[PDB]
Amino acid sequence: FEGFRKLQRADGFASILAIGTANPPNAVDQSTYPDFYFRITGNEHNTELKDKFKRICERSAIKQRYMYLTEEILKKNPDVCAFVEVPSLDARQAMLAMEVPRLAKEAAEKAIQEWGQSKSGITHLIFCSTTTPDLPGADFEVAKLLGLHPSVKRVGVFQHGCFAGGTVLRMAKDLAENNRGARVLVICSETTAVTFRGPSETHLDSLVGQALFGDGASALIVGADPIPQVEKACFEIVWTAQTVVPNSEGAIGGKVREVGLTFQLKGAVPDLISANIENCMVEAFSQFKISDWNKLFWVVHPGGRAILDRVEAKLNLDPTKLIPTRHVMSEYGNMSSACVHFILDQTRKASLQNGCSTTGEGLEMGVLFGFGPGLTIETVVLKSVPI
């Protein structure tokens, strides 16, 4: 086995070689959502509950969200419009079985097309979705839809949540770097088909989710040692970390039950995240001798307007750092795990079109944060690519 381990692994940093995104072709305007939502769920007369919802939507800083669920589909699925008075899991599982792999496929083809290499070269697949209805998981169905080789090594990431956009990058880094020639297809596909439900005055937290969550899928090609003049890297995955904020189990959570996926959200999420964000930064960048957070490009899971404002304030980030992040939240809302990837795409695109010296708005180092159930925080250190 002399030199076997050395030849088996890769040499450089895992690099994002392409980013593709997709969304259901149904843009839903936030300005008119309160009326639509309360009408379609049969709660038009509950003015006070609708006004609380209007309030939440109006302050969400989300102009629109793409949604698989349409008035037609909801009219054919009354049970999904209820809160919890009747079961709806089975019906939702059917929707997921079709929609999650579909968006995943669409986003993956875009990433594959950009990458410009044959899909026969894809060696691994990391597939993530809040939930998956059966066994095999959706990772199997997506691979089949894409016509990937049967020997592609799959890993499904389910029920992790909104922080998984970071999780999949952390996982892809080790796969790409420890396997010479490896090319990992990374996909995050999310849809509110599993969380959408009628409003309830005794569960205002669920109400907030109904105003923030949107649908979408992201796809990446990750690999180390990109081929000169053939493959093109936009970002390098340098270092990662994951940590749980102590004593915050009920801050963000969900439950898969007969009524489908229910979620819980506490108002303290903003404080909890900002109070622990500083340490994530020091632990991540001390080794790089960086202490000025404004010298980095930023990517933050847009869990909610408040979280972003609180993080921006606590760390004294100048107004431009979260522009790409807020831009995505405004145009797509909270697409869970897929969010940070759309933001990375927005970042590199804005950099090229503004004539920046790097894919990271002219800066060398950057940080990407994923937040979710735990409360869990995923930290990803990125390095941009010269333009």
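Start at 1 with the first residue shown and count on from there.
Higher mean CA B-factor, judged across 338-346 and 23-31 from the recorded values: 23-31.
If you average the C-alpha B-factors over 313-321 and over 108-116, the higher value belongs to 313-321. Take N179, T240, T130, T195 and read off each C-alpha B-factor from the entry; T195 has the highest. Out of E72, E258, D134, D215, it is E72 whose C-alpha atom has the highest B-factor in the PDB entry. Remark: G253 belongs to the middle third of its chain, ranked by C-alpha B-factor as recorded. The PDB entry assigns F263 a C-alpha temperature factor belonging to the highest third of its chain's modelled residues.
In this PDB entry, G161 carries a Cα temperature factor that places it within the middle third of its chain's modelled residues. When the modelled residues of the chain are ordered by C-alpha B-factor, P228 sits in the highest third. Sort the modelled residues of the chain by CA B factor and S286 lands in the highest third.
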